[PDB]
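Quick heads-up: it's one chain on its own, the form deposited in one PDB entry, in structure tokens.
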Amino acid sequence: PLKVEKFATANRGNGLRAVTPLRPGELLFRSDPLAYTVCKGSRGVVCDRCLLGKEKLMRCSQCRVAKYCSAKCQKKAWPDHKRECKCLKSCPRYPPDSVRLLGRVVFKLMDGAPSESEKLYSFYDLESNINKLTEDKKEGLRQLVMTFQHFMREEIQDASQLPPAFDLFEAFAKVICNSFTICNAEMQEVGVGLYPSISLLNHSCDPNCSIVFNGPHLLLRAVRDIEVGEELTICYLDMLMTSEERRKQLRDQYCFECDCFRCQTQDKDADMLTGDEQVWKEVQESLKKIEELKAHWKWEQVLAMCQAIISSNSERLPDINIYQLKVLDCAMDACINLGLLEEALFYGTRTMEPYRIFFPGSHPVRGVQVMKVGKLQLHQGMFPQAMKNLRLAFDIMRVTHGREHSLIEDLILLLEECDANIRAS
């Protein structure tokens, strides 16, 4: 039986609420996507199907755009790739991610059996916020509609090839406020998908639930105690954002004004912005390029830019400043991927206290970060320190990831290895 149910909220549209009392870590729902694709930066880096990285991927011979880790993935992906394949081949132009995503929505709705992803709420039901769109946003959606019509012309010529009364403008409006960014085990963004049942969850800047991805598969878990009838919330946004930054994104993407306690009080903003404003404004600007490079897996270039900040001859920022913290995290991940494990541990350890502050309670991003640090410590022989961090990662990740997520198995192996080392000491 389901532990969650759809309901009509008083002022947030539809939402999801608890049917039974829920405890931290309880699995509330799990879902494959209605439709999903690899994101722009990870195309050709991770498998189109399973979203895992590999040194060499094999390409679809027909379109040479879709790429896969294995014959198994390429073959299993064929039914959901077959129609877009003809469109991608007809396109050296590659569509925006949202256009490729909507193509897969249309093909799934036209050719696929009813999707379990739509059990609680369907693509047809999703919020569009059309009456809140500003004119500039409408113009952007009109351009996406025309982009879709161009890209899909080989497979979709008339309304007979779309679901009944399907409106492409409305569909793109739904995609804007209902797309989920799929993250790999290391918390790198790798894809985008629609999960219409999960789209019932409203946003909170201090939520009681959390989602995590295991490949394209989404797990929804409680991260606080939740009472019968209490609304379930997730945080739509990166935690390393000020209330002004959250306000802008919640308006621009989601068309709402957040009334939560954190927004009313600018909770943590001042700490997030400590240090000299001229310095952090420059770092924030540099992070556009750093994050672009990271999205494309260009670790050597990421690291060079990060070192120029972290070890600048010029003025520096405290590690609790969120822009400095993002630079440290990018540098850590670059060092891990480049095998510079001593340097990775230096940056990673510096992030630990800021992460404790900015990811309160049980948050999967902190769990993964702590696990990465513990793993670095374990393989450099720091057994007691590694064990403390691996146990802390497990305390978080038992709640945020759970036994159904494969990363928990990897963590259990690290704990057993570290424990065996301490026992032989």
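Rigid core here is just the name for the largest C-alpha set that superposes within 1.5 Å across the two forms. Residues carry their position along the shown sequence, with the first being 1.
The same protein also has a form deposited in another entry, omitted here; what follows describes it.
Only one candidate in 186, 315, 300, 285 has its Cα displaced by 2 Å or more between the shown form and the other one after core superposition: 315.
After superposition on the rigid core, the Cα of residue 112 moves by 2 Å or more between the shown form and the other one.
Three angstroms is the minimum change: in the other entry, the CA atoms of residue 336 and residue 314 sit closer than in this structure, by 3 Å or more. Shown here is a form in which the CA atoms of residue 48 and residue 112 lie at least 3 Å closer together than they do in the other entry.
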